[PDB]
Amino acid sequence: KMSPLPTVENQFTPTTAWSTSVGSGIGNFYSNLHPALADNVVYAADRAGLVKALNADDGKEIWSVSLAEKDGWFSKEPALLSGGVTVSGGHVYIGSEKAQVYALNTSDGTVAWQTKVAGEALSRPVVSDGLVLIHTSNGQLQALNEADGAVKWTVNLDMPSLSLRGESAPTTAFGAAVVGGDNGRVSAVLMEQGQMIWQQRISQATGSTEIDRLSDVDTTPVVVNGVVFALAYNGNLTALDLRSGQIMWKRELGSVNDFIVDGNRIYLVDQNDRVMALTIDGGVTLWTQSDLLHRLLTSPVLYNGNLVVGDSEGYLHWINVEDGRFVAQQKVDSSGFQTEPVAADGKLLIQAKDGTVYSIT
């Protein structure tokens, strides 16, 4: 069923710069944890509650703490960290499946605060000004104060029939949090006191259709020049006018798991692992690349003008953005990849399921 490893003529030569273990990772549990990067430090976590700051250049520990709770005599109970990590201004942020959000200080890795949010936090917390936004699995948006973690406001987007796989972080633009979700809506809320600007139904309520086991739709909206791009939970790409939320168009692809925007292109990965580029204005497909079909792709990322994806066999593949052809390949880990690659400031990070963080070339 799975596609054979494509044969490639590496245009260049990729290697592991370094790699540091992080407990036992996430193994086969559902999680959205991935590495963050700020001021040449790499942060990473695992399901059980382990978190490490790393030196970006060689990945040696700067610090290392556990958030695991008390159990019986001898084990700890897993903290179940799920959304993160996110770092801004000397706090490291993580959400959990126990509906806790943690703020750890960047300096030592101590609890600055810990708050009880309104449902599970499976998506990265998102920082705007002095506000940490949390989209919970039960359709609530909450703004916590950055300093103490007190809940400044709570908004109800309306409780989803089911929760589904897929990140759903909020995104921010011009003083508004824009958020999708499993409810089939996208909403814009003003970040001052959580006032509702608009709400647009982009598909019907889940479900409403059968849920397929390969669905894993990331409903985090992306806002580029006055347009909101958002995947509905059924896999369709939609474009909305940022001002009124009114639907511009809908690409009834029905199969998309992740996409990114850059410049005048949208790049995406569908549920079958077909990769594809489209035009930003109209979302018309320019090329398609199916050689990875049914290997199991992560979401895609842009690094040094190439598209990179990981599969669950432990390879990274580099893809040419103009024609969709393979530029490079690499075997990297054997547990496999699941959560997203990360590209910031000339570093290319990725955490495998066994928990191991890599920095690439």
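All residue numbers refer to positions in the sequence shown, first residue = 1. By rigid core we mean the largest C-alpha set that fits within 1.5 Å across both forms.
*Asks:* Superpose by the rigid core: which stretch, 245-253 or 171-179, shows more Cα shift in 4 other deposited structures of this protein?
*Replies:* This comes out as 245-253, the stretch further from the shown form in 4 other deposited structures of this protein.
*Asks:* Out of 74-82 and 185-193, which shows the greater rigid core-aligned C-alpha deviation in 4 other deposited structures of this protein?
*Replies:* Looking at 74-82 versus 185-193 in 4 other deposited structures of this protein, the farther one turns out to be 74-82.
*Asks:* Between us, would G109 come up missing in a third or more of the other compared entries?
*Replies:* Result for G109: never missing in the compared entries.
*Asks:* Looking across the other entries that model both neighbours, is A232 missing in at least a third?
*Replies:* No; none of the other entries leave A232 out.
*Asks:* According to the deposited model, is the average Cα temperature factor higher in 84-92 or in 283-291?
*Replies:* Taking the mean C-alpha B-factor of 84-92 and of 283-291, the larger value falls to 84-92.
*Asks:* Compare the mean C-alpha B-factor of 147-155 with that of 162-170 as given in the PDB entry, and name the stretch with the higher value.
*Replies:* Comparing 147-155 with 162-170, the higher average CA B-factor belongs to 147-155.
*Asks:* From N55, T298, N320, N32, can you pick the one with the highest C-alpha B factor in the entry?
*Replies:* It is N55.
*Asks:* Going by the deposited entry, which of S107, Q199, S137, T219 has the highest CA temperature factor?
*Replies:* Comparing C-alpha B-factors across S107, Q199, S137, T219, the maximum falls on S107.
*Asks:* Hey, what third does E61 fall into on Cα B-factor, ranked over its chain?
*Replies:* Highest third.
*Asks:* Thinking about Cα B factors across the chain, which third does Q100 belong to?
*Replies:* Lowest third.
*Asks:* Can you tell me whether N183 has a C-alpha B-factor in the lowest, middle or highest third compared with the other modelled residues of the same chain?
*Replies:* According to the entry, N183 has a C-alpha B-factor in the chain's highest third.
*Asks:* Taking the entry's C-alpha B-factors for this chain, is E120 in the lowest, middle or highest third?
*Replies:* For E120, whose C-alpha B-factor we compare with every modelled residue in the chain, the answer is the lowest third.
*Asks:* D258: which third of its chain by C-alpha temperature factor?
*Replies:* Lowest third - that is where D258 ends up once the chain's C-alpha B-factors are sorted.
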